[PDB]
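K.L.:
Structure provided below as structure tokens; questions to follow.
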Ligand SMILES: [Zn+2]
């Protein structure tokens, strides 16, 4: 059933992550999906952790570390956050010394503590549905893994005596009085996030790729890593493929040949996924009108 | 100076590795380079560890786990070896039980012990120059890393008492009498391979990719991993890019646009690399005549 209709239908969904090892029209897909979702929900938020301010470049507007209604829509808001900044913002704002001694034993607690607060903010703004646009490189899933990283750090801190009262209490506030209980009440906060992430009724993931060898490979490794993280996934959009059955360009014919044999592999490996196919647009997709028209092919199979 | 001339010139070169995260005409490049090298050297060998028997599919002939002169050339021989086979071949040929208890502490000693013997064979056949065609997926550099893996295992064995005499002596033969010295004489054999690998006069590496985002990313990670392994590298060939300045196909124009902006990034990041650009061929490159004609563009810039 090659269309993202099943996301607009499932109204229980609160978080939808979209990701794919960059260079595959991932950003266009995130946007197109956010627009379509805004037509059928009360309040939609589109957040991106791609530092390349890809979200701005797409809508024309400039977005930043706080929610701004998107020009052209009633209920769609968008924010564009970089973790490396949110890290140095929150640390100087304090202790991190201790967190450093934590930082080498636990790689990426800083990146994870960031994500922890980013989320608490999103939750507080109460959007009916939020679409996460993951980074195009490195660990595309850092965000979904942040409870894991925190929980490790909490295991290392449990065995620590007092005198770390400062940093335990310091971590506790950036997430959400005193005692060892507050050390066990974070564990309850973490357990909460995990529950939601891992609950198919509430949060699912949509992979995007292109019909080439390397992109298939990196995409499989991502789906394995996902089922491993216990995050649900049942959609996969394949972009910039060219499907004019009778094309005359000798090159485009070669391209189409290769593409069509990998698209055949995909169709077969993922019987259990809505695999949606969308064409290569000659012009770069830009502007709140080009985007609207493009989002069409995500809900209506293209021929 | 966009051409692989500098490899035909450097006659001190004994090993040339070519690799790239598959789907980028890597095999065609390895061959084209082997042909050109055969014109200017006494004896050239082209070996591939790509299990997909990509080397056979390219020449038409069938190659296997031993050197066969290539139909159409005087001094060019080719062999096509799969490690997973060479592993079970060499182990049953024995002890591995011990090696297993080694196998989990040291991941991939079996794959590295294999490479150790593959190399001793190549060395014995005394080719003037040998071109290695690396696998298209996973760790493309396992081969250059085999001394490292061995040296770890030798550190774990040094602290072991006698009674491992069997496996120490068993390892010693697959590489190249008795005592603790034989345990220290492998160390000298390993140190030898490392010296050669790391010596720019003797062995260099050539990266191949295509002008897309994902292929650039994986290629950078590979060059970093290289300088880390201390292996020299100063060539990079970019394939299947289409360079007819004035093309009329709307799609090919789009492709070319994207391509040309990433080719711009490459040209800039690698001032210190011979970056050679070669076109997209409409037909699949096959046969000892199509290959000869293609190898042309690796030594003579194409326009
Ligand atoms: Zn074309």
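A quick note on method: Cβ atoms are made from the backbone with ideal geometry, for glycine too, and the neighbour counts reach across all protein chains shown. FYI, it's all coordinate maths here, none of it is from the lab.
K.L.:
For the range A:6-20, give me each residue that is within 24 Å of residue A:124 (Cα to Cα) and in a helix (DSSP H, G or I).
P.N.:
The answer is A:7, A:8.
K.L.:
Next question. Checking the condition within 16 Å of the ligand (Cβ to nearest atom), under 22 Å from residue A:133 (Cα atoms) and in contact with a strand residue (DSSP E or B) (Cβ under 7 Å, 6 or more places away or on another chain), which residue from A:226, A:241 passes?
P.N.:
Working: A:226 fails: within 16 Å of the ligand (Cβ to nearest atom).
Residue meeting the stated conditions: A:241.
K.L.:
Then there is this: Please verify whether the range B:87-94 includes one or more residues that are within 21 Å of residue B:54 (Cα to Cα), touching a helix residue (DSSP H, G or I) at 6+ places or on another chain (Cβ under 6 Å) and surrounded by fewer than 20 Cβ atoms within 10 Å (Cβ to Cβ).
P.N.:
Checked against the condition, which is being within 21 Å of residue B:54 (Cα to Cα), touching a helix residue (DSSP H, G or I) at 6+ places or on another chain (Cβ under 6 Å) and surrounded by fewer than 20 Cβ atoms within 10 Å (Cβ to Cβ), the range B:87-94 yields at least one hit.
For (1) under 18 Å from the mean Cα position of the chain (by Cα); (2) under 17 Å from residue A:126 (Cα atoms), each residue gets a yes or a no:
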position	(1), (2)
A:31	yes, no
A:47	yes, yes
A:56	yes, no
A:60	no, no
A:75	no, yes
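Table: residues versus (1) within 16 Å of the ligand (Cβ to nearest atom); (2) out of contact with any strand residue (DSSP E or B) (no Cβ under 7 Å at 6 or more places or on another chain).
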residue: B:192; (1), (2): no, yes
residue: B:235; (1), (2): no, no
residue: B:248; (1), (2): yes, yes
residue: B:258; (1), (2): yes, yes
residue: B:266; (1), (2): no, no
residue: B:269; (1), (2): no, yes
residue: B:272; (1), (2): no, no
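K.L.:
Also: Out of the range A:25-53, which residues are within 14 Å of another protein chain (Cβ to nearest Cβ) and touching a helix residue (DSSP H, G or I) at 6+ places or on another chain (Cβ under 6 Å)? Talk me through it step by step, then tell me what you get.
P.N.:
Just the residues of the range A:25-53 that are within 14 Å of another protein chain (Cβ to nearest Cβ), to begin with: A:25-28, A:50, A:52.
Within the range A:25-53, just A:27 meets the criteria.
K.L.:
Which of the residues belonging to the range A:137-152 are more than 14 Å from chain B (Cβ to nearest Cβ) and within 23 Å of residue A:220 (Cα to Cα)?
P.N.:
A:141, A:142, A:143, A:144, A:145, A:146, A:148
K.L.:
So which of B:281, B:285, B:276 ends up being in a strand (DSSP E or B) and on the phi < 0 side of the Ramachandran plot?
P.N.:
Unique residue meeting the criteria: B:276.
K.L.:
Additional query: Are there any pairs, at least 6 apart or on different chains, whose C-beta atoms fall under 6 Å, with the first in the range A:237-254 and within 11 Å of chain B (Cβ to nearest Cβ) and more than 23 Å from residue A:297 (Cβ to Cβ) and the second part of a helix (DSSP H, G or I) and near the ligand (Cβ under 9 Å from one of its atoms), and if so, which?
P.N.:
A:251/B:252
K.L.:
Looking at A:217, A:270, can you tell me which residue is surrounded by 15 or more Cβ atoms within 10 Å (Cβ to Cβ) and either within 30 Å of residue B:257 (Cβ to Cβ) or within 14 Å of chain B (Cβ to nearest Cβ) (or both)?
P.N.:
Values: A:270 fails: either within 30 Å of residue B:257 (Cβ to Cβ) or within 14 Å of chain B (Cβ to nearest Cβ) (or both).
Exactly one residue qualifies, and that residue is A:217.
K.L.:
Being away from chain A (no Cβ under 14 Å), touching a helix residue (DSSP H, G or I) at 6+ places or on another chain (Cβ under 6 Å) and either away from the ligand (no atom under 16 Å from the Cβ) or under 30 Å from residue B:148 (Cβ atoms) (or both) is the requirement here; does residue B:203 meet it?
P.N.:
yes
K.L.:
Checking residue A:280 against (1) within 14 Å of chain B (Cβ to nearest Cβ); (2) away from the ligand (no atom under 16 Å from the Cβ), which test does it fail?
P.N.:
(2)
K.L.:
A further question on this structure: Could you list all residues from the range A:233-255 that are in a strand (DSSP E or B) and buried (at least 18 other Cβ atoms within 10 Å of the Cβ)?
P.N.:
Result: A:233, A:235, A:236, A:237, A:238, A:239, A:240, A:241.
K.L.:
Quick check on residue A:155: is it within 14 Å of chain B (Cβ to nearest Cβ) and loosely packed, with under 13 Cβ neighbours inside 10 Å? Outline the logic, then answer.
P.N.:
Details: within 14 Å of chain B (Cβ to nearest Cβ): no; loosely packed, with under 13 Cβ neighbours inside 10 Å: yes.
Here the answer is no, as residue A:155 does not meet what is asked.
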